[PDB]
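In what follows, a structure is listed as structure tokens, so that the remarks can point back to it.
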Amino acid sequence: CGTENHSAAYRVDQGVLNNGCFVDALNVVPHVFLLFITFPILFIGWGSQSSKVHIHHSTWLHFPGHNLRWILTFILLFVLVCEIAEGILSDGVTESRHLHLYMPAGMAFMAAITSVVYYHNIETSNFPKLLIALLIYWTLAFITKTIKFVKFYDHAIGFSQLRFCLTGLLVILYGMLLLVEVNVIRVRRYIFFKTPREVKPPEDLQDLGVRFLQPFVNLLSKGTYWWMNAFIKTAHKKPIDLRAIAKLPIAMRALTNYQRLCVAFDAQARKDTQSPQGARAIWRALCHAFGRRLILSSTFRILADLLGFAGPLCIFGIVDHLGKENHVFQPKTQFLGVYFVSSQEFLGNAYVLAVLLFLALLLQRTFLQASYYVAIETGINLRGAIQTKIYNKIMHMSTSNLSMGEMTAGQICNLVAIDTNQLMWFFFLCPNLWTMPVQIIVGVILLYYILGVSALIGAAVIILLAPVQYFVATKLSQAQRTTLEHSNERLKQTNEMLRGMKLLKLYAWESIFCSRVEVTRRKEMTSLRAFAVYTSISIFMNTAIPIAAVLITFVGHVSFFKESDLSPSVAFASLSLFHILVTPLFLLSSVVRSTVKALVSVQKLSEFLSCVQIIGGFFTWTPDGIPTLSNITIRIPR
Amino acid sequence: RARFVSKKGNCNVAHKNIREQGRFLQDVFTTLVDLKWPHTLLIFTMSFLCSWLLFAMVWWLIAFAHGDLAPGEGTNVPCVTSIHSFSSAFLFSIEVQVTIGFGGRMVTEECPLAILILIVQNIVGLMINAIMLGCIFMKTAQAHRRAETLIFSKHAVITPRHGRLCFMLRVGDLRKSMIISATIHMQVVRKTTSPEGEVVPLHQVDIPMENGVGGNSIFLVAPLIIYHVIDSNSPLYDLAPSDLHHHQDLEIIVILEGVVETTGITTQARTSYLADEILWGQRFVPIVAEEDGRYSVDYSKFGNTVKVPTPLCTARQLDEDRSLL
Amino acid sequence: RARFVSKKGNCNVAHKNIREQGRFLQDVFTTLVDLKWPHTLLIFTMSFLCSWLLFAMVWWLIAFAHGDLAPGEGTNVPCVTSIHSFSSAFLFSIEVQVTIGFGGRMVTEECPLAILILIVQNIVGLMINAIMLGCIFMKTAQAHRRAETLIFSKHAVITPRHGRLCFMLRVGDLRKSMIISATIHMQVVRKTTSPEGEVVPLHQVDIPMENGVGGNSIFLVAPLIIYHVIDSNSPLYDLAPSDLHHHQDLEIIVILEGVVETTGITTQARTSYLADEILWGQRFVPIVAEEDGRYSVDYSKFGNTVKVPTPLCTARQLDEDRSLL
Amino acid sequence: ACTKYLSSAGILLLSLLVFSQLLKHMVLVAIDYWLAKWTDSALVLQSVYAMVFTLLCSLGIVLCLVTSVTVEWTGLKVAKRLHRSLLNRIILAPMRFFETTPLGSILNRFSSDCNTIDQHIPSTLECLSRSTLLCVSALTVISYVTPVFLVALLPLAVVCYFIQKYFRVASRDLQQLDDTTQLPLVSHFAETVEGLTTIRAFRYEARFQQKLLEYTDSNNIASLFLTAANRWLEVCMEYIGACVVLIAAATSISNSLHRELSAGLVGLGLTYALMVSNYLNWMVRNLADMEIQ
Ligand SMILES: Nc1ncnc2c1ncn2[C@@H]1O[C@H](COP(=O)(O)OP(=O)(O)OP(=O)(O)O)[C@@H](O)[C@H]1O
Ligand SMILES: Nc1ncnc2c1ncn2[C@@H]1O[C@H](COP(=O)(O)OP(=O)(O)OP(=O)(O)O)[C@@H](O)[C@H]1O
């Protein structure tokens, strides 16, 4: 902290000189204490689980404020990156390197990372002794925040200070941190010397898992790290893999089996309304049935649109502070003794903020595949629940046996399967459709902050690329209908060739080789030209990506010619915007035909939603008409 | 194919449905004693260093709180002399903990805060140095290693002695040091079904040592054979020679206990012999050979067995044949 | 409602009419070892400080008796240098006891009294530092904690096996570490009256382990059931199923003993099952399940029992019904 | 294990057509580097503006037609060659050894191989060639944009080698079991439609209800395996590709300040870093579709 005479200056003034370098040194001791206590407990649990441990099979426990503990562990990461970022600028000033200026931020990252290992060691073994050592830290860290604020008020800037912004963010964590420490299930106090919660130790999930070969429990780190290391270890083993890849159903423990049932039961509850059954009624009951995960996974998809959309903005800053700033060479103009909030888009902050764009890109792909995951689980519970009430409904009803007298009920079974999985596949990316126009509008808006004519070029390119996509794909779908009919004729000649194997040698060889090869070349010729139309639409799709390429060239060319300026911005950045557009274009038209198939599938679902004494008994083939049998009377003794 | 315990020992079992891991965490000493040497050294080296840094930060703080280190005022006397750098405080902290007493850094009577702190530094650093002495000693007394020198044969044998069918197992010692009051317990672990319809997965039934007195143990200097007389209470009474080795998939465990003549600790050596690990018809070759000075025992013959003419009938049939005779 | 021992252990008893407390006071080590960690640290911290002050007062006295500290005479050499304040003597005293050897306070050859005192300070302060090492070690070896991992079931069962009525209790282990030569003793504590008119409040009569050999203990890795065959010597021979659970207010204690494979110390785990804690008609569900690698044991089934068809008669009546048959 | 597939529907014309598609994509990355170098020319401030913006649109329609030319009419020669050569290669066989064989595997593998391979082979094939061509194309392009010290390709293909190996194994197993799980459900659906009066005869209709729930339960668990596959696929591939983006940021750092930074191609490693992770994503899943297909 000393360059020439700073230590002496600090020493002269009373009260640690209003904490010049002392406010920073004060923060460090608690972090060291929190890290020096930890190694003994962390290391031991690292060794006892490596040589001889029995808790290597099934162990899990929950604590009140789990989601607020992770959210505070993630937000303290963003605040630790930020403190250091500001810290780097102060160090550079290029006069003297003050070591005690950026140290409090580097201690914290290790400490907060050590706090996450304490939560994992506590989630394994339930004891309040750890929450008391953390509380001892949260309180000492709370008191150090006050000094910085206290020091700062006298030395007030307002909003022009970057040290303050970091401190302010940090202060909220301490406030948030108290609730975690206020758990009622902790028996470390003198009061309530017994266990306040006796039903907490036994978990429903563990019991699911204890008899489970593969637990597959959602109540985990939520990082998709253990869901892959359990399957993965077996896959890595060579002897294990052969066994695993064969008896996988047996290997599967059918864990979510206790949760599939709830969804079937939940569907019935949703249906239970005051109004009669309706296509709309079953639709909005189904949306009411899913409950949290629809708008929840949609909200995670919108957060993925938030992190994903910006992606390019960080990149421009590099071309400006690096490329355009050719001979700037001026680090600061404010009070150089401290950090200031202005010019936060520095050159180094463009680097670490670009790595922050990589970390937020992991947040965007992670939350993207997370909402994808909850969508797939939602469709799994969807087809399971609607399958349950479906076959329970037709198994219980036994109504209108006249249409059941025909084979149309079997068509209702096959179309119930293809339309049911077509309906879950219709629901498969519904938050992606909900979050597609927000990404198109926001990306088109940032494209409008770039220029106008490029937005006209690319937006017109997608605006023409969508009707060729779903219309040409609809032509390929009719090609799949007629080609499916001719391929069904190939199946009829194929089982007719099985009849040729049932027939003689010479007669079936000549007449079935000639007739089956000629008719199979006929229907395979019509489906060959249909295959040429379908591959032509696939080439239409192939051509479509150069439509975007053409727009990029016409965008930079015409948008260059209408204006009177040149920049390396819109090439790299606006090319990036174009990449974003492709996923939402064909996914948008695919979501449109998915919506048409969704309304058709819900329409077909609503269409499906419709010893002995005998005295004077009347029987019918059809209740709409007069009984077929009248006044039938007989009794049979046992 | 399914096994219970290895031919060397330490049978591994899988546990499901644990209630609390907190009790295990609370019970620190046993785990510490159990852990291997590389980690053990790591625990004591880091915990010491982790402490040395804590006593150094608060010492760099008492000089920063007084502030006498950078201005260099001649009238203002420092609470500790020669503290010029940040590192020096850490060096001083090491000094007090290990009682090196270098002499360069001297403590004065100016600050009544650091002197009470110095006492807290010394008592806790004297306490962990003492706690470490008792933990390392406990590992210096582990007697698993003594138990290894206790060797068991490759296979087992079953031949009739004195007119009665017996099961033979041989054990030996490779040391000049002995084991006191070492009792041996053999159990037959098979899955039995009761007449009421209950299936116990692994039932453990004990078999007699056949000592006339009512034996528990025997003085072991040279390789001795243990014999299991098949009577009406023995489960192997209804077993045939060529039919029992493949048809049945059971195991018999050997439990050798005892204490060391050097250390009070009592150790245990275990092994198991399968249906294919047992031989019928042969016997254990005589290891003891008498020389001019003493009796010598060759261990290459320990895993050698010779076949002799024995009956191909079961013990129920053998006692039945002798009760009819 | 009246209990003898808890479902966890450590049965509390009230003692009246004590003869002397002096013997207990005299026996210091056991009490010290027994006391919890917070007080234990307090005893060693205060006793050290209490000593450090005694060695400091007599050192502030040898400088006060010589008087060389305040006049500052250059020809008169002090028995110990740099003694300016009262606190300094205490600091010097700490130095000698912990052998810090700072170097600021030096001792001379002027006063033949303080040098012999310095020897008395060092030998007693070296003695309590050594005595503390042996007391802390003794607490590092307490094996009550190892005994906790030894779990007993929630309730007990009584069903006939092989045609004879038996009482079943199951015990398990949560560790990878074992217990050697661990003998189990079960006692029935009921208040019996003799034919002469004497009422003993709590009579302890032992029940057989039913091991064929004459068993004391069994190798415990997985949860095993202990069985109590009701014969003519068993007190439960004259008991009916629905009448014995409420009419009688007695208890049966479980005494599990044994030694640790890590430490020589032998521990004991105890529990008791009341008249309402015993179940008639059901049995213990099979915990052991065979997998590809090893045999797994689920502990959620440990406290689960299933009911099967059993006779509603007493053992005297059951043997009477079979002796008439 | 593609030497059998290399002889399918010809070798020479497919090798020249897909070779011309690879050359057309090399012309596409030539349009990329020409737009990047002319972007450096605009950053140095037209001079060659007619040459730049006119010459930079040559391989657009050429890449669109030539890149889709290898599978343009390949379904015709694969249709008559595979269908006629297969139906003739099984038609000229004697009827005794074909008569002593189960017809379900022959007609199932035969007809499902013809419709499935003839319908779905060229889409994932051309998507696989486009994905791998773009992946190695921008991979070596942004790799040369980095200095030789800033390549660091050995950890990338190390962790990527781990991912493609063990995800190839477990993904083949997961698509195998989840692919095989579907048919018995529809089998007892046909049995459910057939024995409806037997369900009236079976006085305990809940037996097929709970067994039914076990079947759809097993397919639901298999669906959770599918989401596990896409989960670790997307998260692992985008995670390691994000590490490649951070290494790209290190390359832009050293190439930016450590020496004379170029007038362009600074953000080319960044856009090609995010799209490099996209290339690892569609390259991994395209490797999966090429594995099953
Ligand atoms: N109040 C007490 N509490 C515990 N132990 C006692 C008490 N009083 C005596 N004892 C001890 O218990 C033993 C029981 O015998 P008894 O109570 O008859 O003692 P005693 O014959 O009175 O002889 P003494 O005077 O030594 O107790 C005695 O030998 C004595 O040592
Ligand atoms: N998951 C577990 N793993 C190991 N031990 C357990 C577990 N659950 C309970 N125990 C202990 O084992 C004993 C077995 O009895 P049981 O399993 O019936 O417990 P319980 O009747 O549910 O009472 P508790 O709620 O205390 O477990 C219990 O007394 C308990 O202390």
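Following the order of the structure tokens, first chain is A, next is B, and so on, with residues numbered from 1 inside each chain and ligands from 1 in the order they appear.
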Counting only C-alpha atoms, give me one row per residue of chain B with an atom at most 7 Å from an atom of chain C, showing the shortest contact pair and its distance in Å to one decimal, sorted by chain then residue number, as a Markdown table.
```
| residue | atom | partner | partner_atom | distance |
| --- | --- | --- | --- | --- |
| B:3 | CA | C:294 | CA | 6.8 |
| B:13 | CA | C:295 | CA | 6.1 |
| B:14 | CA | C:296 | CA | 4.6 |
| B:15 | CA | C:297 | CA | 5.4 |
| B:16 | CA | C:298 | CA | 4.6 |
| B:17 | CA | C:299 | CA | 5.2 |
| B:27 | CA | C:145 | CA | 6.1 |
| B:29 | CA | C:140 | CA | 6.5 |
| B:96 | CA | C:100 | CA | 6.4 |
| B:99 | CA | C:100 | CA | 4.4 |
| B:100 | CA | C:100 | CA | 6.4 |
| B:101 | CA | C:101 | CA | 4.8 |
| B:102 | CA | C:102 | CA | 6.9 |
| B:103 | CA | C:102 | CA | 5.2 |
| B:106 | CA | C:102 | CA | 6.6 |
| B:109 | CA | C:88 | CA | 6.9 |
| B:130 | CA | C:133 | CA | 6.1 |
| B:134 | CA | C:137 | CA | 5.3 |
| B:142 | CA | C:262 | CA | 6.5 |
| B:194 | CA | C:162 | CA | 6.6 |
| B:195 | CA | C:162 | CA | 6.0 |
| B:200 | CA | C:286 | CA | 6.5 |
| B:201 | CA | C:288 | CA | 6.1 |
| B:206 | CA | C:213 | CA | 6.6 |
| B:207 | CA | C:213 | CA | 6.7 |
| B:208 | CA | C:213 | CA | 6.0 |
| B:264 | CA | C:264 | CA | 6.7 |
| B:265 | CA | C:264 | CA | 5.0 |
| B:266 | CA | C:264 | CA | 6.9 |
| B:267 | CA | C:261 | CA | 6.7 |
```
Now that the selection is made, can you save its residues with N, CA and C atoms as a CSV table (one decimal), in the first residue's frame?
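Output (part14.csv):
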```csv
chain,number,residue,atom,x,y,z
B,3,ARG,N,-19.2,-63.1,-4.8
B,3,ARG,CA,-18.3,-63.2,-3.7
B,3,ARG,C,-18.7,-62.4,-2.5
B,13,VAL,N,-18.6,-54.2,1.3
B,13,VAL,CA,-20.1,-54.3,1.3
B,13,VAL,C,-20.7,-52.9,0.9
B,14,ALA,N,-21.8,-53.0,0.2
B,14,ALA,CA,-22.5,-51.7,-0.2
B,14,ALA,C,-23.6,-51.3,0.7
B,15,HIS,N,-23.5,-50.1,1.2
B,15,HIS,CA,-24.5,-49.5,2.2
B,15,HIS,C,-25.5,-48.6,1.5
B,16,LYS,N,-26.8,-48.8,1.8
B,16,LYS,CA,-27.8,-47.9,1.2
B,16,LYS,C,-28.6,-47.3,2.4
B,17,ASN,N,-29.2,-46.1,2.1
B,17,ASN,CA,-30.0,-45.4,3.0
B,17,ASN,C,-29.3,-44.9,4.3
B,27,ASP,N,-16.9,-37.6,14.7
B,27,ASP,CA,-16.0,-38.5,15.2
B,27,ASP,C,-14.7,-38.4,14.4
B,29,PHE,N,-11.1,-38.4,15.2
B,29,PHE,CA,-9.9,-39.2,15.5
B,29,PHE,C,-9.8,-40.5,14.7
B,96,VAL,N,7.6,-17.4,17.3
B,96,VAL,CA,6.8,-17.6,18.6
B,96,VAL,C,6.2,-19.0,18.6
B,99,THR,N,9.0,-21.5,19.0
B,99,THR,CA,9.9,-21.1,20.0
B,99,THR,C,11.4,-21.0,19.6
B,100,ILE,N,11.6,-20.6,18.3
B,100,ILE,CA,12.9,-20.4,17.8
B,100,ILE,C,13.7,-19.4,18.5
B,101,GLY,N,13.1,-18.3,18.8
B,101,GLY,CA,13.7,-17.2,19.5
B,101,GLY,C,15.0,-16.6,18.8
B,102,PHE,N,14.8,-16.2,17.6
B,102,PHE,CA,16.0,-15.6,16.9
B,102,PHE,C,16.6,-14.4,17.5
B,103,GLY,N,15.9,-13.5,18.1
B,103,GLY,CA,16.4,-12.3,18.7
B,103,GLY,C,16.4,-11.0,18.0
B,106,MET,N,12.3,-7.8,18.6
B,106,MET,CA,12.0,-7.7,20.0
B,106,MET,C,10.7,-7.0,20.4
B,109,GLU,N,7.0,-2.8,25.8
B,109,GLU,CA,5.9,-2.6,26.8
B,109,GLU,C,5.1,-1.4,26.3
B,130,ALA,N,0.8,-30.3,20.4
B,130,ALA,CA,0.6,-31.4,21.3
B,130,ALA,C,-0.4,-32.4,20.8
B,134,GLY,N,-0.2,-36.9,19.6
B,134,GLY,CA,-1.1,-38.0,20.0
B,134,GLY,C,-1.7,-38.7,18.8
B,142,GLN,N,-0.7,-49.1,14.8
B,142,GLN,CA,-1.7,-49.9,14.1
B,142,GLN,C,-1.1,-51.3,13.7
B,194,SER,N,-36.2,-71.5,5.8
B,194,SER,CA,-36.9,-72.2,6.9
B,194,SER,C,-38.2,-72.8,6.4
B,195,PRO,N,-38.7,-73.8,7.2
B,195,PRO,CA,-40.0,-74.5,6.9
B,195,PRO,C,-41.2,-73.7,6.9
B,200,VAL,N,-33.6,-66.2,4.3
B,200,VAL,CA,-32.6,-65.3,4.8
B,200,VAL,C,-31.4,-65.4,3.8
B,201,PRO,N,-31.0,-64.3,3.2
B,201,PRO,CA,-29.9,-64.2,2.2
B,201,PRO,C,-28.6,-64.8,2.6
B,206,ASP,N,-22.2,-71.4,13.0
B,206,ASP,CA,-20.8,-71.8,13.5
B,206,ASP,C,-20.6,-73.3,13.6
B,207,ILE,N,-19.3,-73.7,13.2
B,207,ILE,CA,-18.9,-75.1,13.3
B,207,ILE,C,-17.8,-75.3,14.3
B,208,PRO,N,-17.9,-76.4,15.1
B,208,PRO,CA,-17.0,-76.8,16.1
B,208,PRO,C,-15.5,-76.9,15.8
B,264,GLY,N,-0.4,-54.0,22.6
B,264,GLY,CA,-1.6,-54.5,23.2
B,264,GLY,C,-2.8,-54.7,22.2
B,265,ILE,N,-2.7,-54.1,21.0
B,265,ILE,CA,-3.7,-54.2,20.0
B,265,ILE,C,-4.0,-55.6,19.5
B,266,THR,N,-5.2,-55.9,19.3
B,266,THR,CA,-5.7,-57.2,18.8
B,266,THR,C,-6.1,-57.1,17.4
B,267,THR,N,-5.5,-57.9,16.5
B,267,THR,CA,-5.9,-57.9,15.1
B,267,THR,C,-6.6,-59.1,14.6
```
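Summary of the local environment: counting only C-alpha atoms, residues at most 9 Å from residue B:318, other than itself and those fewer than 5 positions away along its chain, are residues 164, 165, 311, 313 and 323 of chain B.
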Within 10 Å of ligand 2, counting only C-alpha atoms and all ligand atoms, residues as a VMD selection string
(chain A and resid 58 to 59 198 to 199 201 to 203 206 to 207 210) or (chain B and resid 15 to 21) or (chain C and resid 7 to 8 148 to 155 170 to 174 298 to 305)
Any chance you could export the current selection's N, CA, C and O atoms as a compact mmCIF listing (two decimals), in the first residue's frame?
```txt
# COMPACT_ATOMS: atom_id res chain seq x y z
N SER A 58 -25.41 -43.37 -1.92
CA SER A 58 -26.62 -42.53 -1.91
C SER A 58 -26.76 -41.62 -0.69
O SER A 58 -27.03 -42.09 0.41
N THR A 59 -26.58 -40.31 -0.87
CA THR A 59 -26.71 -39.36 0.23
C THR A 59 -27.10 -37.95 -0.21
O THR A 59 -26.43 -37.34 -1.04
N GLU A 198 -37.70 -33.04 13.01
CA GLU A 198 -37.42 -34.47 12.98
C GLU A 198 -37.82 -35.14 11.67
O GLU A 198 -37.47 -36.30 11.43
N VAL A 199 -38.55 -34.42 10.83
CA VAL A 199 -38.99 -34.98 9.56
C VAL A 199 -38.10 -34.51 8.42
O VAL A 199 -38.34 -34.85 7.26
N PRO A 201 -34.56 -35.03 8.22
CA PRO A 201 -33.54 -36.03 7.87
C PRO A 201 -34.00 -37.03 6.81
O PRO A 201 -33.29 -37.27 5.84
N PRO A 202 -35.19 -37.64 6.99
CA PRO A 202 -35.69 -38.61 6.00
C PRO A 202 -36.27 -37.93 4.77
O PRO A 202 -37.24 -37.17 4.87
N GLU A 203 -35.69 -38.19 3.60
CA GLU A 203 -36.16 -37.58 2.36
C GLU A 203 -36.91 -38.59 1.49
O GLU A 203 -36.65 -39.80 1.55
N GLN A 206 -34.41 -39.81 -1.40
CA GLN A 206 -33.41 -40.81 -1.08
C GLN A 206 -34.02 -42.21 -1.14
O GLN A 206 -33.43 -43.14 -1.70
N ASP A 207 -35.23 -42.33 -0.61
CA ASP A 207 -35.95 -43.60 -0.62
C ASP A 207 -36.23 -44.02 -2.05
O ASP A 207 -36.05 -45.18 -2.41
N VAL A 210 -32.50 -45.16 -2.95
CA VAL A 210 -31.90 -46.29 -2.22
C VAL A 210 -32.16 -47.60 -2.94
O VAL A 210 -31.28 -48.46 -3.02
N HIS B 15 -23.53 -50.08 1.24
CA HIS B 15 -24.53 -49.54 2.16
C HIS B 15 -25.50 -48.55 1.52
O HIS B 15 -25.09 -47.61 0.83
N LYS B 16 -26.78 -48.76 1.77
CA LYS B 16 -27.80 -47.88 1.22
C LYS B 16 -28.61 -47.28 2.35
O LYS B 16 -28.74 -47.87 3.43
N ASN B 17 -29.17 -46.11 2.08
CA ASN B 17 -30.00 -45.40 3.05
C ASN B 17 -29.35 -44.89 4.33
O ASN B 17 -29.73 -45.29 5.42
N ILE B 18 -28.33 -44.04 4.20
CA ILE B 18 -27.65 -43.47 5.37
C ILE B 18 -28.49 -42.38 6.06
O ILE B 18 -29.10 -41.55 5.40
N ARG B 19 -28.50 -42.38 7.39
CA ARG B 19 -29.30 -41.40 8.14
C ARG B 19 -28.63 -40.04 8.31
O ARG B 19 -29.22 -39.00 7.99
N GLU B 20 -27.41 -40.03 8.84
CA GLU B 20 -26.65 -38.80 9.04
C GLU B 20 -25.19 -39.07 8.78
O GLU B 20 -24.68 -40.14 9.10
N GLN B 21 -24.53 -38.10 8.15
CA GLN B 21 -23.08 -38.12 7.95
C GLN B 21 -22.37 -37.24 9.02
O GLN B 21 -21.14 -37.29 9.19
N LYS C 7 -33.76 -45.70 24.82
CA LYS C 7 -33.70 -46.39 23.54
C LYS C 7 -32.38 -46.09 22.82
O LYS C 7 -32.10 -46.67 21.77
N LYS C 8 -31.59 -45.18 23.38
CA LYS C 8 -30.30 -44.83 22.79
C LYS C 8 -29.18 -45.39 23.67
O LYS C 8 -28.16 -45.86 23.17
N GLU C 148 -21.39 -45.56 18.66
CA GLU C 148 -22.69 -45.06 18.10
C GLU C 148 -23.15 -45.66 16.72
O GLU C 148 -24.31 -46.05 16.57
N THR C 149 -22.24 -45.74 15.74
CA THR C 149 -22.37 -46.38 14.44
C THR C 149 -23.01 -47.77 14.55
O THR C 149 -23.37 -48.38 13.54
N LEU C 150 -23.16 -48.25 15.77
CA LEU C 150 -23.77 -49.56 16.03
C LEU C 150 -25.26 -49.32 16.25
O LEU C 150 -25.67 -48.88 17.32
N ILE C 151 -26.06 -49.62 15.23
CA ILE C 151 -27.50 -49.40 15.29
C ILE C 151 -28.38 -50.61 15.59
O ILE C 151 -28.14 -51.71 15.10
N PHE C 152 -29.40 -50.37 16.41
CA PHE C 152 -30.37 -51.40 16.79
C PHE C 152 -31.72 -51.01 16.20
O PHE C 152 -31.99 -49.83 15.97
N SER C 153 -32.56 -52.01 15.97
CA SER C 153 -33.88 -51.82 15.38
C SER C 153 -34.87 -51.06 16.26
O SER C 153 -34.62 -50.81 17.44
N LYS C 154 -35.99 -50.69 15.65
CA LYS C 154 -37.06 -49.95 16.32
C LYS C 154 -37.85 -50.84 17.27
O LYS C 154 -38.07 -50.49 18.43
N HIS C 155 -38.28 -51.99 16.76
CA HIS C 155 -39.05 -52.96 17.54
C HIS C 155 -38.47 -54.36 17.40
O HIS C 155 -37.59 -54.59 16.56
N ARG C 170 -32.34 -57.55 15.61
CA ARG C 170 -31.39 -57.31 14.53
C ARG C 170 -30.49 -56.10 14.79
O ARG C 170 -30.96 -55.05 15.23
N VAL C 171 -29.21 -56.27 14.48
CA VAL C 171 -28.21 -55.22 14.68
C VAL C 171 -27.37 -54.96 13.43
O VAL C 171 -27.07 -55.89 12.67
N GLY C 172 -26.98 -53.71 13.22
CA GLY C 172 -26.18 -53.37 12.05
C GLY C 172 -25.05 -52.39 12.28
O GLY C 172 -24.97 -51.74 13.32
N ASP C 173 -24.17 -52.27 11.28
CA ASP C 173 -23.02 -51.38 11.36
C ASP C 173 -22.98 -50.43 10.16
O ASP C 173 -23.14 -50.85 9.02
N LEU C 174 -22.73 -49.15 10.44
CA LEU C 174 -22.68 -48.13 9.41
C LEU C 174 -21.26 -47.77 8.94
O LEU C 174 -21.09 -46.87 8.12
N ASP C 298 -29.98 -52.38 2.37
CA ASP C 298 -30.80 -51.18 2.50
C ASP C 298 -31.29 -51.00 3.94
O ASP C 298 -31.96 -51.88 4.49
N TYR C 299 -30.98 -49.85 4.53
CA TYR C 299 -31.36 -49.55 5.91
C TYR C 299 -32.71 -48.91 6.16
O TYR C 299 -33.00 -48.51 7.29
N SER C 300 -33.53 -48.79 5.13
CA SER C 300 -34.85 -48.20 5.30
C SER C 300 -35.79 -49.35 5.61
O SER C 300 -36.89 -49.15 6.13
N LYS C 301 -35.35 -50.56 5.27
CA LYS C 301 -36.13 -51.77 5.50
C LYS C 301 -35.78 -52.33 6.87
O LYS C 301 -36.42 -53.27 7.35
N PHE C 302 -34.77 -51.74 7.49
CA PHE C 302 -34.29 -52.16 8.80
C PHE C 302 -35.36 -51.97 9.86
O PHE C 302 -35.45 -52.74 10.82
N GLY C 303 -36.17 -50.93 9.70
CA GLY C 303 -37.23 -50.66 10.65
C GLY C 303 -38.58 -51.07 10.11
O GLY C 303 -39.61 -50.54 10.53
N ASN C 304 -38.57 -52.01 9.17
CA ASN C 304 -39.79 -52.52 8.56
C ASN C 304 -39.99 -54.00 8.87
O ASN C 304 -39.05 -54.80 8.83
N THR C 305 -41.23 -54.36 9.19
CA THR C 305 -41.57 -55.74 9.51
C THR C 305 -42.90 -56.18 8.90
O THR C 305 -43.86 -55.42 8.85
```
When you get a sec, could you note down which chain B residues fall within 10 Å of chain A, using only C-alpha atoms, as JSON, numbers by chain?
{"B": [12, 13, 14, 15, 16, 17, 18, 19, 20, 21, 22, 23, 24, 25, 26, 28, 31, 32, 34, 35, 36, 39, 40, 42, 43, 44, 46, 47, 48, 49, 50, 51, 52, 53, 54, 57, 58, 60, 61, 63, 64, 65, 66, 67, 68, 69, 70, 71, 72, 73]}
Kindly provide, as a VMD selection string, the residues of chain D having any atom no farther than 6 Å from an atom of chain A, counting only C-alpha atoms.
chain D and resid 39 42 to 43 60 64 68 170 173 220 242 246 267
DSSP on the backbone: which residues in stretch 151-215 of chain C end up as strand (DSSP E or B)? Give the answer as a VMD selection string.
chain C and resid 151 to 152 156 to 161 164 to 173 179 to 180 183 to 190 193 199 203 to 206
Give me, as a ChimeraX atom specification, all polymer residues having an atom no more than 10 Å from residue D:184, counting only C-alpha atoms and skipping those fewer than 5 positions away in the same chain.
/D:189-190,215
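Residue neighbourhood of stretch 184-186 of chain C, excluding near-sequence residues (fewer than 4 positions): residues 204, 205, 206, 207, 208, 209, 215, 216, 217, 218, 226, 228, 252, 253, 254, 255, 256, 257, 258, 268, 269, 270 and 272 of chain C, at 10 Å, using only C-alpha atoms.
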Determine, counting only C-alpha atoms, which protein, DNA and RNA residues have an atom within 12 Å of an atom of residue A:95; residues of the same chain fewer than 3 positions away are not included. Present the result as a VMD selection string.
chain A and resid 2 to 4 89 to 92 98 331 336 to 337
List the spatial neighbours of stretch 456-459 of chain A as a PyMOL selection string - criterion: any atom at most 6 Å away, only C-alpha atoms, same-chain residues fewer than 4 positions off excluded.
chain A and resi 463+551+555
Using DSSP assignments from the backbone, pull out every residue in stretch 38-234 of chain B that falls under alpha helix (DSSP H) and give it to me as a ChimeraX atom specification.
/B:38-66,86-98,114-140,144-148
